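The next block holds one structure in the form of structure tokens; read it before the comments.
Each answer follows from the model by the rule given with it, or from the source it names; no laboratory instrument gave them. With ideal geometry, Cβ positions are generated from the backbone for all residues, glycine too; neighbour counts draw on all protein chains shown.
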Number of protein chains: 4
Amino acid sequence: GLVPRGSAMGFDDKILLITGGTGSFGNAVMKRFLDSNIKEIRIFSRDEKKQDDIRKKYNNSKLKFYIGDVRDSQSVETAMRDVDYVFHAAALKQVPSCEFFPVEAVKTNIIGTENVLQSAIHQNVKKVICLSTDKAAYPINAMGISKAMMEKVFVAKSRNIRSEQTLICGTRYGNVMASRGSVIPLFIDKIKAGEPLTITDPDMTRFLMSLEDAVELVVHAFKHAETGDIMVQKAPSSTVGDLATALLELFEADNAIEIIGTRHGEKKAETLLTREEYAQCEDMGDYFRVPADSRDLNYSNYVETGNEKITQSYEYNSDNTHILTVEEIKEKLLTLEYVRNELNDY
Amino acid sequence: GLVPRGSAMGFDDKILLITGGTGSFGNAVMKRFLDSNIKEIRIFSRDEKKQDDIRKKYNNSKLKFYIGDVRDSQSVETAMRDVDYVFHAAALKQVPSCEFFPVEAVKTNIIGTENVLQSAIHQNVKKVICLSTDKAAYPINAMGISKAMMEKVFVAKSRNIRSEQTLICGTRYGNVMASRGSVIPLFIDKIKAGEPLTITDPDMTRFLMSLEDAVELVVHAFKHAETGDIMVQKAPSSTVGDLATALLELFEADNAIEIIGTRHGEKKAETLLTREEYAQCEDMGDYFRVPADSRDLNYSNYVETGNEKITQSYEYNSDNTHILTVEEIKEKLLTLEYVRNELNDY
Amino acid sequence: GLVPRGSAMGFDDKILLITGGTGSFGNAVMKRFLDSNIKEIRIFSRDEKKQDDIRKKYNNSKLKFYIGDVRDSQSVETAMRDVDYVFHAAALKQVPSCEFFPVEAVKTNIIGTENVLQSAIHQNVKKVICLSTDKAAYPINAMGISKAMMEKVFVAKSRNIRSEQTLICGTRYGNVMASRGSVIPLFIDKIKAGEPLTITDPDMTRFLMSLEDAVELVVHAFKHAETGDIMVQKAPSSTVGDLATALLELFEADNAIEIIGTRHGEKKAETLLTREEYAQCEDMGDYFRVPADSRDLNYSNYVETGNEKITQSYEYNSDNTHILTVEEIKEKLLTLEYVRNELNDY
Amino acid sequence: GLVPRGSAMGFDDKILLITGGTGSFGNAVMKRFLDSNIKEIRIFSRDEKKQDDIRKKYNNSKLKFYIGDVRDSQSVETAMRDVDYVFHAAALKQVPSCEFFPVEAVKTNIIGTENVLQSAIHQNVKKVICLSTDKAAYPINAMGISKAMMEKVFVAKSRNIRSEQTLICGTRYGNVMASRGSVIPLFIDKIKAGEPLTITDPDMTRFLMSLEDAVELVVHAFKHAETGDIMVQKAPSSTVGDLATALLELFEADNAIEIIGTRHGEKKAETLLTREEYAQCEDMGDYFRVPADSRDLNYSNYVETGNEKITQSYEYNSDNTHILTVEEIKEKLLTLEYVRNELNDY
Ligand SMILES: NC(=O)c1ccc[n+]([C@@H]2O[C@H](COP(=O)([O-])OP(=O)(O)OC[C@H]3O[C@@H](n4cnc5c(N)ncnc54)[C@H](OP(=O)(O)O)[C@@H]3O)[C@@H](O)[C@H]2O)c1
Ligand SMILES: NC(=O)c1ccc[n+]([C@@H]2O[C@H](COP(=O)([O-])OP(=O)(O)OC[C@H]3O[C@@H](n4cnc5c(N)ncnc54)[C@H](OP(=O)(O)O)[C@@H]3O)[C@@H](O)[C@H]2O)c1
Ligand SMILES: NC(=O)c1ccc[n+]([C@@H]2O[C@H](COP(=O)([O-])OP(=O)(O)OC[C@H]3O[C@@H](n4cnc5c(N)ncnc54)[C@H](OP(=O)(O)O)[C@@H]3O)[C@@H](O)[C@H]2O)c1
Ligand SMILES: NC(=O)c1ccc[n+]([C@@H]2O[C@H](COP(=O)([O-])OP(=O)(O)OC[C@H]3O[C@@H](n4cnc5c(N)ncnc54)[C@H](OP(=O)(O)O)[C@@H]3O)[C@@H](O)[C@H]2O)c1
Ligand SMILES: CC(=O)N[C@H]1[C@@H](OP(=O)(O)OP(=O)(O)OC[C@H]2O[C@@H](n3ccc(=O)[nH]c3=O)[C@H](O)[C@@H]2O)O[C@H](C)C(=O)[C@@H]1O
Ligand SMILES: CC(=O)N[C@H]1[C@@H](OP(=O)(O)OP(=O)(O)OC[C@H]2O[C@@H](n3ccc(=O)[nH]c3=O)[C@H](O)[C@@H]2O)O[C@H](C)C(=O)[C@@H]1O
Ligand SMILES: CC(=O)N[C@H]1[C@@H](OP(=O)(O)OP(=O)(O)OC[C@H]2O[C@@H](n3ccc(=O)[nH]c3=O)[C@H](O)[C@@H]2O)O[C@H](C)C(=O)[C@@H]1O
Ligand SMILES: CC(=O)N[C@H]1[C@@H](OP(=O)(O)OP(=O)(O)OC[C@H]2O[C@@H](n3ccc(=O)[nH]c3=O)[C@H](O)[C@@H]2O)O[C@H](C)C(=O)[C@@H]1O
Ligand SMILES: CC(=O)N[C@H]1[C@@H](OP(=O)(O)OP(=O)(O)OC[C@H]2O[C@@H](n3ccc(=O)[nH]c3=O)[C@H](O)[C@@H]2O)O[C@H](C)C(=O)[C@@H]1O
Ligand SMILES: CC(=O)N[C@H]1[C@@H](OP(=O)(O)OP(=O)(O)OC[C@H]2O[C@@H](n3ccc(=O)[nH]c3=O)[C@H](O)[C@@H]2O)O[C@H](C)C(=O)[C@@H]1O
Ligand SMILES: CC(=O)N[C@H]1[C@@H](OP(=O)(O)OP(=O)(O)OC[C@H]2O[C@@H](n3ccc(=O)[nH]c3=O)[C@H](O)[C@@H]2O)O[C@H](C)C(=O)[C@@H]1O
Ligand SMILES: CC(=O)N[C@H]1[C@@H](OP(=O)(O)OP(=O)(O)OC[C@H]2O[C@@H](n3ccc(=O)[nH]c3=O)[C@H](O)[C@@H]2O)O[C@H](C)C(=O)[C@@H]1O
Ligand code: NA
Ligand code: NA
Ligand code: NA
Ligand code: NA
């Protein structure tokens, strides 16, 4: 459910706003809360086409479609009036497009987040959850750097805003299995096309999680985050060399593998918690919570006092979590209805 | 000199603008070009006090003092008219202040750099060199993240602007020995005060370079960078445990060492070139040049083609350069007139 | 071709920018010029997903993908540098979404067009063609009103800018057969679903044209418009009552028709030239050209001098063009490969 | 009075703000409420001269004069603090000047109205009445188009703002007899000058109303409008051919008539309610009220549900109201003290 064990709220008078509400998570998150008592789900984005498609498929009078842009504080303010909860998912999230147009990544991902927070605070929103990415930890490309900076901005706002006024937190997650354009659909299309599998670096690792796991992480933050927290779902990882084998064996196929090399903008492994975040985090079980440090603007934490737990820690990354076996990758692959349909169809 | 072997220019009709011109580098860079043929050095910053101090100390009619703010495109445009060269050194550069006010770090370091580039291009400036920091490689604090994003922005502008119109490049350097507030003056003050040396993590490493080495790196970029390049000076490093010993032996002092632990916002070692940058860089000798990739907006470099040299490389960092011995640290320490004066005086 | 009879240009050194370049026309217009000598086609829009899809389908090194927003003059300026020709197709074009968020329609369709024109003029673009709609003539809904105002803005700019500097014109067209969401796909889906055809007002008329006819109109303006002109393609029309019959007979189907009534925001017939435009227009044959009036800011044309040709004229609309017979509608329907495939498949 | 039969309010603690407060309506509306209990009437405009003239003529300590511009939200906010009621009359309202400078018409009439509404809402104003024009229905010139778009903007704001917070409505009226520069003073001046009457199109019709009728319409909206309503006063009309005869017979004059032809930017007849507005309106008697449709952002009203009452209706225009006889035009002309004085004086 959407509510901790031993609570209830009833969302029967509550309004959820989803920025970037037409994209993959916005939709999965939308479709989760449609399974609820919620009075209204406002879908806020720039794109009238994607909005009309969703409207017509769901025909649900809970859904309201707002045209607007996180870059524009007036357009956010219109959609934010009377809102209780915000899932902030609006972003430029593709690596190459942020790398070539990084000022657009700063306008949407960094300034656009500050506008959403400022409007949410003015409108007395109860909670804002900002979506981020493992590419924001030790980042190397403009998309991850802009997301890392977005995290600093929402953490900084949480220090100066009381929790009871507006609680502000965020989620960072790994690689969503079978994202549009991502490596699983790519490889399947190569299997079916009779093409070789283009492997970048077979020993490269990525955290592996489903879209459903990604929605649970947001719900987990919605229920349990404190203001300033970054919530991360613990996740296993796969090497690309093993993921490709898993798919080949499942599809009973003997397409060759071709090594194309590491592409620009990519790391060998992804980090979900930096050394410092790990040192400071609380283990919630299937999640880590990274609380905001120095909530009173405690300069001396950066200057004159240290923490030996930081020196003693190391980062949480896709090399040091459980790296799945080919068998495990297969089982996890088979929980996806995308893989099943393609499989049956093959 | 300011000109490659086998060239001359004469700067006798040339105008240099230094944003952040009143800070430590701006001044050292200013005082280098005062040693030149340059027609005019404009010092651009926000602070009328620091400007008046410099004016009165130098009394040099080459120096012109402009009040203005990189955040404001009109104020930059006033100072940029008729300029040939820009050293862009304006920045919020202190870790804690960027971490608590990251929107100010985005306004000055990222948006302020885009305003300087746009104005330089409109005014037909020949070259703009942007100063950056090893904290921008795999960054973990808001100051390094904003500087990493500044680098993406100037690299992106260089792809879309012809070199012959305006050449745009930047420099990244390590820890400047005996910066205001930095660990060498701190430890000396503890030596002289009879206080214990507060060591954060004795095995922490930082690249070690002088302010003079930092000015040479900027001059090196001024002379040799191509548009889009990031230039880094190769540098040795010290552990903090060894730097403290070097100072203690020099000062013939037996203050105790106290371990305070790693402070927030700090890494164990600093990186000057990421894995990818190292793979792509050219070794100029005492420098590496990191050329801009995908200058034609080549998406396919991020998506469908890879580079096996990236897979084969690793990052250039303060653990894997030459880590100096206590003896070496001492010799390097003694090249500083700050250390000498304090030493004699002790 | 893209060039008048008795001319040649060679577009071999030329750059075309398409704002809204990922939408239906942008693409058809893009795919037309791919059939040409053109050096570069820049696709400018806000959406990185749609851009990546197009890139990957075409794999054509002429295509460059710019992320940006017509609302933001800096982001337009980046994409406009070195451009020769602009097809301005960026717009919020859905009736309900403009009616509920008309300030967003004013920001994109009116202010966004002024930013494109101002940037094109600063960058010495040769020609800008602005796309408009018959809903802008005697308009009744916020989408048509914003498009009518966009036309006034580009006409006003053409009076004050010399043609040899930048030529600025626009196109207005009717209902594109088999647009996403439009009545032909709707009715086909009802045919195939066994559902009744929902007819709004069977005697309602709309101009009928194909997407290919729409691209020709833009090319016609590209080749022949003078600055300030509005170009309209003459077109026949259908009643909805007749279009529905045409589809039923083609699909050899006897789904019932249900009258739902006129929807909000709709006219009984659409106008392509107002009384005044018709009075002033030149007949180019399959097109009318509406030249800009009062090019010297001739107030007296609105105040003290009149034109008896205006009094004598009437508007050009979907009731007074050739209204096609069911047979004609069928023949025109069959020129569409969308209709053919659906037909065969049925 | 200013209050419905069976109510009272006492305006003894109330503050009225009139934007465009120095123009013809602002003044007539001002002079109406001076005839009241109102605590304060603030006159808001840009022009210090017109403000000083009014101040000095009335010498009334209820009148306060604010300099400011509807284009500037801070300047509106200063004048809006503690306001109860707003009559928004600020506008660029001349046809040629909007047609040549339509971006100025969009800044004042559309964006300026959104700033007034946003400030009124922030300041807890009770009611805002926006003045519009029959030129906004099926509009053909930039002035009417900007006013049509202003109406969409205030209607859209009324859907998202509760009535009890701020009620937002508007008025549309026809041709005010003996406006500065309008056809009645023009013709009188020709009568007195011995010049021929320049008639544009003698069969052209315009709604005829006095300034006093125009103030009553605003008061009617003030008392009875609901949020989102457009209120129109029913009105008879005159042909220009008949108005000219009426004036000639009254002035016992035989100046010839010259036909100059229809001028740019003019329709043959003006519309006060479009087909759709008429279908949806309630007849209040001497007024129609057009309520806002789809107050819950009901997309389906534009897309999947229709209204047969719309199909069955037609527009309310100056051809289909009561067209007055020459005798009627004369009687109505004689109710004007402007006509009387000119008449006696002749
Ligand atoms: N691969 C992944 O799925 C993944 C992994 C880690 C983190 N994340 C993060 O989770 C969030 C959503 O992920 P997703 O996969 O759902 O992304 P997605 O499908 O691309 O959705 C994000 C949505 O952002 C909207 N948007 C973009 N710019 C906007 C603006 N300026 N104003 C308002 N809306 C805007 C877009 O919709 P319109 O075109 O309709 O405006 C888009 O559909 C993003 O913040 C992303 O960083 C995603
Ligand atoms: N420790 C180091 O020295 C070190 C190491 C690596 C990289 N760097 C980089 O090198 C550059 C300069 O280093 P530095 O040590 O000379 O720094 P610094 O002494 O702090 O000087 C930077 C100058 O920036 C100016 N400034 C700040 N905001 C500005 C704005 N909004 N508009 C115009 N001027 C502004 C300030 O002068 P006013 O107060 O007069 O405006 C300040 O003196 C910075 O970009 C820094 O990131 C420094
Ligand atoms: N039914 C018709 O086809 C029809 C009829 C008459 C006239 N027209 C006109 O012709 C033009 C294009 O028609 P179309 O059918 O190709 O429309 P469309 O497919 O919706 O394409 C327009 C494109 O506008 C882009 N866009 C929207 N806001 C933008 C912004 N703020 N900055 C940059 N790009 C933006 C969108 O792409 P992103 O989401 O990638 O930004 C969208 O794909 C429009 O002006 C429309 O008014 C169309
Ligand atoms: N013929 C008619 O009378 C007629 C018919 C139908 C509708 N209307 C509408 O009714 C309203 C007023 O009619 P009216 O005849 O009283 O017009 P008017 O006498 O021209 O008065 C409008 C006032 O607008 C003020 N104004 C213009 N731009 C402004 C800005 N940017 N900020 C603040 N004030 C501004 C001007 O005063 P300053 O120069 O002192 O700023 C002007 O006196 C207008 O909205 C008009 O559209 C008029
Ligand atoms: C370039 C780009 O668009 N990256 C988007 C993407 O980020 P990630 O790179 O993490 O995901 P992927 O599914 O593409 O790589 C999976 C693994 O397979 C490897 N990979 C990938 C493609 C391939 O052909 N071969 C291969 O081995 C690859 O090196 C990696 O080890 O996905 C999300 C949606 C984004 O935000 C980014 O814009
Ligand atoms: C999960 C559980 O209940 N185990 C408890 C049990 O620990 P385990 O036996 O699991 O071994 P570890 O914790 O040493 O490393 C495991 C993984 O975590 C990550 N981990 C660990 C340390 C670190 O600094 N950074 C980090 O990412 C890294 O991915 C690494 O590979 O004891 C320690 C002291 C605890 O507090 C745990 O909650
Ligand atoms: C917090 C802060 O203001 N950091 C500024 C600073 O960045 P860095 O941290 O790199 O420099 P430092 O000279 O302070 O540390 C040197 C080494 O000594 C260690 N160090 C430092 C102080 C101490 O008491 N003990 C100690 O061991 C320390 O852990 C490290 O290993 O200097 C420049 C000017 C900035 O931009 C930053 O704002
Ligand atoms: C400096 C010179 O002239 N040496 C040449 C001679 O090399 P050396 O014997 O010096 O050993 P290496 O290059 O293996 O590593 C040295 C350091 O560089 C850094 N280095 C090296 C590789 C890398 O991927 N990343 C990196 O940072 C890292 O700090 C590491 O510790 O041969 C290789 C192949 C060259 O091309 C050199 O120019
Ligand atoms: C509401 C809406 O989104 N209108 C978009 C649309 O504008 P138009 O209305 O002109 O097109 P359509 O294909 O929908 O109507 C065709 C005719 O069939 C009639 N029509 C339509 C649907 C139906 O179920 N029944 C019916 O008779 C209808 O009354 C009309 O007589 O198409 C383009 C793409 C847009 O810009 C607008 O946002
Ligand atoms: C097309 C051609 O070559 N015909 C020439 C031949 O004309 P036709 O016999 O075709 O009859 P018409 O022009 O009277 O009306 C036809 C349609 O046009 C539209 N039309 C016409 C007049 C008008 O004011 N508005 C208008 O929209 C309206 O859709 C109407 O139903 O003589 C006149 C005087 C010309 O100048 C023409 O070029
Ligand atoms: C051009 C211009 O400034 N039009 C302003 C104006 O809008 P309207 O045109 O409605 O008013 P008018 O009194 O001028 O026309 C009355 C009738 O007499 C006819 N008319 C007018 C002048 C003439 O010489 N002869 C003539 O027959 C004329 O064709 C029409 O049939 O008045 C208000 C104040 C505005 O907002 C507009 O800016
Ligand atoms: C005013 C009154 O009390 N008459 C009532 C009495 O009506 P009347 O005998 O007056 O004839 P009508 O209503 O047919 O047309 C009159 C004028 O209105 C305008 N009118 C009318 C219909 C329309 O769709 N649009 C429109 O503008 C147009 O200007 C047209 O010329 O019966 C109908 C059904 C009513 O509901 C009325 O309230
Ligand atoms: Na707080
Ligand atoms: Na370049
Ligand atoms: Na011109
Ligand atoms: Na409301």
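On the phi < 0 side of the Ramachandran plot and of a type in the set (G, A, S), is that true of A:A178? Answer is no for this residue. In the list A:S146, A:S97, which residue meets the criterion of being touching a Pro at 6+ places or on another chain (Cβ under 8 Å) and of a type in the set (S, T, Y)? On inspection, the qualifying residue turns out to be A:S146.
The residues of segment B:298-318 that are within 19 Å of B:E282 (Cα to Cα) and among the hydrophobic types (A, V, I, L, M, F, W, C) amount to a single one, B:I310.
Look at B:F222 and say whether it is in a strand (DSSP E or B), out of contact with any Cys (no Cβ under 6 Å at 6 or more places or on another chain) and buried (at least 19 other Cβ atoms within 10 Å of the Cβ).
Details: in a strand (DSSP E or B): no; out of contact with any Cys (no Cβ under 6 Å at 6 or more places or on another chain): yes; buried (at least 19 other Cβ atoms within 10 Å of the Cβ): yes.
For B:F222, the condition - in a strand (DSSP E or B), out of contact with any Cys (no Cβ under 6 Å at 6 or more places or on another chain) and buried (at least 19 other Cβ atoms within 10 Å of the Cβ) - is not met.
Kindly indicate whether B:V128 is within 18 Å of the chain's Cα centre (by Cα), more than 9 Å from chain A (Cβ to nearest Cβ), at negative phi and surrounded by fewer than 24 Cβ atoms within 10 Å (Cβ to Cβ). Judged against the criteria, B:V128 is not a match.
If you go through segment D:33-60 and pick out every residue that is assigned to a helix (DSSP H, G or I) and either aliphatic (A, V, I, L, M) or surrounded by 17 or more Cβ atoms within 10 Å (Cβ to Cβ) (or both), you end up with 5.
Quick check on C:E216: is it assigned to a helix (DSSP H, G or I), surrounded by fewer than 24 Cβ atoms within 10 Å (Cβ to Cβ), under 15 Å from the mean Cα position of the chain (by Cα) and away from ligand 14 (no atom under 16 Å from the Cβ)?
Yes, satisfied.
Restricting to segment D:160-189, and then to whatever is of a type in the set (K, R) and surrounded by fewer than 21 Cβ atoms within 10 Å (Cβ to Cβ), can you tell me which residue is farthest from ligand 13 (Cβ to nearest atom)?
Start the filter on segment D:160-189 by keeping residues that are of a type in the set (K, R), which leaves D:162, D:172, D:180.
Going one step further and asking which of them are surrounded by fewer than 21 Cβ atoms within 10 Å (Cβ to Cβ), we end up with D:162, D:180.
Working: D:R162: 30, D:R180: 59 Å.
Once the filter is applied, the top-ranked residue is D:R180.
Among the residues that make up segment D:171-183, is at least one of them of a type outside the set (S, T, N, Q), touching a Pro at 6+ places or on another chain (Cβ under 8 Å) and within 12 Å of ligand 4 (Cβ to nearest atom)?
Kept after step one, since they are of a type outside the set (S, T, N, Q), are these residues of segment D:171-183: D:172-174, D:176-178, D:180-181, D:183.
From the residues that got through so far, the ones that are touching a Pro at 6+ places or on another chain (Cβ under 8 Å) too are D:178.
Restricting the remaining residues to those that are within 12 Å of ligand 4 (Cβ to nearest atom) gives D:178.
Yes, there is a match, as at least one residue in segment D:171-183 is of a type outside the set (S, T, N, Q), touching a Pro at 6+ places or on another chain (Cβ under 8 Å) and within 12 Å of ligand 4 (Cβ to nearest atom).
Among the residues of segment B:240-271, count how many are away from every other protein chain (no Cβ under 14 Å), of a type outside the set (D, E, K, R) and either free of Cβ contacts under 8 Å to residues at least 12 places away in the same chain or under 19 Å from B:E328 (Cβ atoms) (or both).
Going through segment B:240-271 one residue at a time, the tally reaches 8.
Of the residues C:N109, C:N59, the single one that is assigned by CATH to the domain that holds C:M149, more than 30 Å from D:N298 (Cβ to Cβ) and not hydroxyl-bearing (S, T, Y) is C:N59.
Please find, within segment B:291-346, the residue that is farthest from ligand 16 (Cβ to nearest atom) out of those that are of a type in the set (A, V, I, L, M, F, W, C) and within 14 Å of another protein chain (Cβ to nearest Cβ).
Checking each candidate, the answer is B:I310.
Considering only segment A:10-19, I want to know if a residue exists there that is farther than 22 Å from D:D296 by Cβ and of a type outside the set (A, V, I, L, M, F, W, C). Break it down stepwise before answering.
Filtering segment A:10-19 for residues farther than 22 Å from D:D296 by Cβ gives none.
No.
When segment B:237-263 is limited to residues that are part of a strand (DSSP E or B) and surrounded by 18 or more Cβ atoms within 10 Å (Cβ to Cβ), the one that is nearest to ligand 8 (Cβ to nearest atom) turns out to be B:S237.
Suppose we filter segment B:193-213 for residues that are buried (at least 19 other Cβ atoms within 10 Å of the Cβ), within 14 Å of another protein chain (Cβ to nearest Cβ) and among the charged types (D, E, K, R); how many remain? So the count comes out to 1.
Residue count for segment C:42-93, restricted to those that are among the charged types (D, E, K, R) and more than 11 Å from every other protein chain (Cβ to nearest Cβ): 3.
Scanning segment D:289-326 for residues that are in a helix (DSSP H, G or I) and free of Cβ contacts under 8 Å to residues at least 12 places away in the same chain returns D:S300, D:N301, D:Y302, D:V303, D:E308, D:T311.
Might you check whether a residue that is more than 16 Å from ligand 12 (Cβ to nearest atom) and under 13 Å from the mean Cα position of the chain (by Cα) occurs anywhere in segment A:160-167?
As a first pass, look at segment A:160-167 and keep what is more than 16 Å from ligand 12 (Cβ to nearest atom): A:160-167.
Those still in the list that are under 13 Å from the mean Cα position of the chain (by Cα) too: none.
Looking through segment A:160-167, none of the residues is more than 16 Å from ligand 12 (Cβ to nearest atom) and under 13 Å from the mean Cα position of the chain (by Cα).
When residues of segment C:64-77 are filtered for being surrounded by 24 or more Cβ atoms within 10 Å (Cβ to Cβ), out of contact with any strand residue (DSSP E or B) (no Cβ under 6 Å at 6 or more places or on another chain) and either of a type outside the set (D, E) or farther than 23 Å from A:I54 by Cβ (or both), how many remain? The number of residues fulfilling the criteria is 2. Screening C:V76 with (1) assigned to a loop (DSSP other than H, G, I, E, B); (2) touching a helix residue (DSSP H, G or I) at 6+ places or on another chain (Cβ under 6 Å); (3) of a type in the set (V, I, T) gives one miss only, at (1). For segment B:82-102, which residues satisfy the criterion of being within 21 Å of A:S300 (Cα to Cα) and either among the β-branched types (V, I, T) or buried (at least 24 other Cβ atoms within 10 Å of the Cβ) (or both)? Matches in segment B:82-102: B:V95, B:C98, B:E99, B:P102. Taking A:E266 and the conditions (1) assigned to a helix (DSSP H, G or I); (2) of a type in the set (D, E, K, R); (3) closer than 29 Å to A:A244 by Cα, which numbered condition does it fall short on, given that it satisfies the others? Unmet condition: (1). Is it the case that segment D:95-116 has a residue that's within 14 Å of another protein chain (Cβ to nearest Cβ), closer than 28 Å to D:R162 by Cα and within 16 Å of ligand 11 (Cβ to nearest atom)? Yes, segment D:95-116 has at least one match. Checked against (1) away from chain D (no Cβ under 14 Å); (2) without any contact (Cβ under 8 Å) to a residue 60 or more places away in the chain; (3) of a type outside the set (D, E, K, R), C:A279 passes all but a single condition, namely (1).
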